[PDB]
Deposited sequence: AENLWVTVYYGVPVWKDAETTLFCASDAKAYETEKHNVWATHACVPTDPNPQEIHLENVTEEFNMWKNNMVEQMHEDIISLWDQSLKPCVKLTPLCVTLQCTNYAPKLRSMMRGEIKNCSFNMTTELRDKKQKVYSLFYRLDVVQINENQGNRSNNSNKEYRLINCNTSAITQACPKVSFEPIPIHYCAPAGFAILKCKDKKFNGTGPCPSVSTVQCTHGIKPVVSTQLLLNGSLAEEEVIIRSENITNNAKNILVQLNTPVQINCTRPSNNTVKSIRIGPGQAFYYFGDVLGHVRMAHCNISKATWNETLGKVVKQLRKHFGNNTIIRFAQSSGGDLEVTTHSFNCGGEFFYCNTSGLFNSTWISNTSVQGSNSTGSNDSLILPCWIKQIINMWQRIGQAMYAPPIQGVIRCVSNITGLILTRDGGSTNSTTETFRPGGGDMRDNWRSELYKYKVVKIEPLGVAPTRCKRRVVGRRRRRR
């Protein structure tokens, strides 16, 4: 009675993992690699369509991670190598007449560096931060000399994040949840289809997520597993918290040449007074934001338990402090002043340290030397989310260091699906 009919172009799809390409409008996240941008992207709303999402199993995050690592290495490859710098340093204190917490943080290191000609050496004095220099027994060496050779970043390549748009190849589509208060997992009834995602900024930080997306209505707490305290908790804020980070000193940069066609940049001197780098967070804004986080966290853990915040318990500086790139400098800030209160049912100042030897992405065996930036650096940014870990009282601490979670906080809304435009259905026909 009924016959088989084949329909081509059927609007169905299946979950799939594929290769996405980039689009954008020197920089590490160069726009020369790809420019297939779209000034007028379209969004086709899918009515009466409910799809399941799982931000913790989303291959887009891993693919982005690899893309960032690859772009990073491509940027660093064509740059000056600093292997001649791994020498014994004769270091003394830069300014003994200091009574602030800055005293002892920067040192006067004297060393014999290679000249353009291989026959002669030059005696060079340079100023280094103590976090980059380790005592061996005066007699200091750079912290990276045992673990890895260090490469100098090219002075002409910016570290400023530029939004990157991910686009699916033909035959695939990206589903955007577009659903207020979605927790990153489970069904989403307001799914829309796009070919390209919005731009994502590859902002690198720990503990606090900067320059990200805000929650549509209220703070959203996302976790792979609430009960399992080994998972990180990603908290998306409803409003931004403005943070003003400054290095209030006028630094003078000097350079020397090491071998033919190479130049080394180093921190030369400080004009005027030497002052400590720091970040300013408004006290009331933070207190209100934290209270909102506590209320949402109590919804998961119960109205009758106490939520306590504490400073990171230990480990690498990249995970015990807040970390960010400001002006090209790498700042490490002590956040113990924020996560120091207990919740029961003016301006805050964070001191910061500057270091030039950065071991990014937790890759042991590679290191970058960040050249100093001339002048005074100030950044103003929005704190958009937190990365928290959990220990009748629940204790939470800042954490991070696994960069994938910073991207999950932005890619949770997107899923990649493959289009399979072949369907079969019964009808009443006999071919001819």
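A.B. asks: Which runs of the deposited chain sequence never show up in the coordinates?
C.D. replies: Comparing the full sequence with the modelled residues, the uncovered ranges come out as 1 to 2, 28 to 35, 148 to 158, 367 to 379, 426 to 431, 473 to 481.
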